[PDB]
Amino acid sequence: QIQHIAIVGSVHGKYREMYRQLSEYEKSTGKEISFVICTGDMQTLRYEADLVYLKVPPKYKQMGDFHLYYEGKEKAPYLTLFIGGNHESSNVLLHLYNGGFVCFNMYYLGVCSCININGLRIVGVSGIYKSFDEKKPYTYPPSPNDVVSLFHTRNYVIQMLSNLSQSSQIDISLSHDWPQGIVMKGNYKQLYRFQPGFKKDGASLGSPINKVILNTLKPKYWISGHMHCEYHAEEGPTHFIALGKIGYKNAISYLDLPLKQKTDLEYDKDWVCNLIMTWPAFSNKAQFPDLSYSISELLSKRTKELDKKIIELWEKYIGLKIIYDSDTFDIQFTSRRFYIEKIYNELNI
């Protein structure tokens, strides 16, 4: 039994187009899409006011399609999981830094996380890399002054994600900019033929953060969407795929994977455990993480017994199924941290 998973590069607020194109796939091949994964520049602007948070050049200060979906005028026909890129309503994603549905059928993975679906474990790393900002905390609530920095990937995700392949493998990992160096691991000449501008960066092209995470977790697949081209490469056991932007034929591809089980979208248990155990570093809602704490030090405290109780409590308060919630995003931010804190404090440490 096989599951077909649509994989998409940059959406740029072309949601209706994306869906029509996925619809054409099912009509043209007779296959069913199990779900969709998108690697960024989602531009999930709820209303005109959010334009303030979209860092783009003036000619691209456009609302796009998302608000139709946010309003219920359109309805996404496939469960769509995504990470943030560099063109985002960054305020919305910060409210949802711990993940959340931006609307029915569209689930944001957060700054980073692992989820479960159909027997798969899927890791996500949002943003693009700029060294000047990799140790910057998030400040909350969102401020228009933060438009330039919110979408830069922080170094700390490396510590949050690095233990996630201890108990089983990672099937797919998602990022926006490419893992640094991976450009060298495919037919780069053929690529430079089409993207001569990529050539100056040499092996340094891409995110050192994503390089480390890939070298550490070694997922079956790593999927990325920043570059506006298709590209394939292999780094040991990992299949790298890059995808272009909606409107071009190299934007959408498909993974045909064994389906061992059909199972609703779920929080990953190891991820939940990391999330709870790192709470002390995230305890200040106005500014996090507090890196006077050591993330890996906090995660070193994980135990079999402790993990079990954590999952038990998560199941009690939040549930393992990731379910649609229509409260406003600022309400969700407070609600998810409330329970993370409550769980942590129930552990007694």
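Numbering starts at 1 and follows the sequence shown.
Query - Of 248-256 and 111-119, the stretch whose C-alpha atoms average the higher B-factor in the entry - result: Of 111-119 and 248-256, the stretch with the higher C-alpha B-factor average is 248-256.
Query raised in the report: Between 161-169 and 260-268, which has the larger average Cα B-factor in the PDB entry?
Result: Taking the mean C-alpha B-factor of 161-169 and of 260-268, the larger value falls to 260-268.
Query raised in the report: Hey, out of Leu313, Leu54, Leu291, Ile322, whose CA B-factor is highest in the deposited coordinates?
Result: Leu291 has the highest C-alpha B-factor of those listed.
**Report entry** Selection by C-alpha B-factor (highest) of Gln62, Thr39, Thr29, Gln43
**Finding:** Among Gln62, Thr39, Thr29, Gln43, the highest C-alpha B-factor in the entry belongs to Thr29.
Query - Chain-wide C-alpha B factor ranking for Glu134, given as lowest, middle or highest third - result: Middle third of the chain for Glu134's C-alpha B-factor.
Report task. Check where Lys200 lands among this chain's C-alpha B-factors and tell me if it's the lowest, middle or highest third. Result -> As the PDB entry reports it, the C-alpha B-factor of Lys200 lands in the highest third of its chain.
Report task. Place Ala49 in the lowest, middle or highest third of its chain's C-alpha B-factors, as listed in the PDB entry. Result -> Answer is lowest: the recorded C-alpha B-factor places it there.
Query raised in the report: Would the CA B-factor of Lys211 place it in the lowest, middle or highest third of its chain?
Result: It falls in the bottom third of the chain.
Requested in this report: Report the third (lowest, middle or highest) to which the CA temperature factor of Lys309 belongs, ranking only the modelled residues of the same chain.
Outcome: Its C-alpha B-factor, which the entry lists for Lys309, ranks in the middle third among residues of this chain.
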